[PDB]
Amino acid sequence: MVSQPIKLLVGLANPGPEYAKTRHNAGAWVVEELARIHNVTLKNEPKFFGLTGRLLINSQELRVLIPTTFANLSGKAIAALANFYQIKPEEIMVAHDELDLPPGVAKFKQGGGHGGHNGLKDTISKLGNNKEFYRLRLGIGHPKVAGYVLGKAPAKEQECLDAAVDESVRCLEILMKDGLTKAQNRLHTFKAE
C-alpha cells in the first residue's frame, strides 16, 4: 500500500551568519549531509520559503527542505511544500535539535509533544494541528536556554553532535533502501545497548 512512508525530510534551523553552526540548527546539518552524500546542492525557492532539493535514493524521490522562515515560523515552509506535492503530515520527517537527549544521541519518534521547540509547535499548527509527523530528534543536552540553544557547541561536544548526525544519515539511507522498521530498529539501539 505504501512503498514509501517518508516522502519529505525537513531540517529546522535559523538562517544567516548570526545563527550559523548553532545548536538549534542541528536538523539542518542532517539535511545538508544527506544531500551532500547524494550530490545535490540545495536551492532557495521563494514559494516554499526555504532551501529545497530532490534526492534519488534507492531510485525513489525524497524531497528535502531547510526553512529560511526563522525557526519559530518553520511551519509555513513545510506546509507550502507539502501542499504543493500533496504530502500528508504522516509522510514527513522533521529533524530538529532536541534538548531532552544528550549530545551524541539520536532518536526517531512519531507524534507527541514539541518538548518546547517552537519550531515544532509552529509545524504542528501549520499542518492543520496534526502531530503525527515523524521526528528525528538530535540530542543537544540541557545546561540560560535561549543562550544555549542559540550557542555554538564546544569542539569536543561538536564531534559528539557530528557523530549523531552521521548515524542519523545512515539510518535515513537505511529507511529508504530497506524500510522504516529497519531504520527504527537501528536508531532505537543507538547508544542504548
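Numbering starts at 1 and runs along the sequence shown.
TODO: For the stretch from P154 to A155, please bin the deposited residues that the model skips: none, 1 to 3, 4 to 9, or 10 or more.
DONE: Missing residues, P154 to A155: none.
Task: 69-77 or 82-90, whichever carries the higher mean Cα B-factor - done: Between 69-77 and 82-90, it is 82-90 that shows the higher mean C-alpha B-factor.
- [ ] Would you determine, from the values in the PDB entry, which of 92-100 and 110-118 has the greater average C-alpha temperature factor?
- [x] The stretch with the larger average C-alpha B-factor is 110-118.
Open item on the list: In terms of recorded Cα temperature factor, pick the maximum from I57, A26, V149, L34.
Closed with: Checking the PDB record, the top C-alpha B-factor among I57, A26, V149, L34 is at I57.
Task: Highest recorded Cα temperature factor - choice among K126, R63, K131, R137 - done: Among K126, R63, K131, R137, the highest C-alpha B-factor in the entry belongs to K131.
- [ ] Report the third (lowest, middle or highest) to which the CA temperature factor of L42 belongs, ranking only the modelled residues of the same chain.
- [x] Ranked within chain, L42 CA B lands in the highest tercile.
TODO: Please place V2 in the lowest, middle or highest third of its chain by C-alpha B factor as given in the entry.
DONE: Answer is highest: the recorded C-alpha B-factor places it there.
Task: Record-listed C-alpha B factor of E159: chain third - done: Ranked within chain, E159 CA B lands in the highest tercile.
Task: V30 - which third its CA temperature factor falls in, relative to the rest of the chain - done: Answer is lowest: the recorded C-alpha B-factor places it there.
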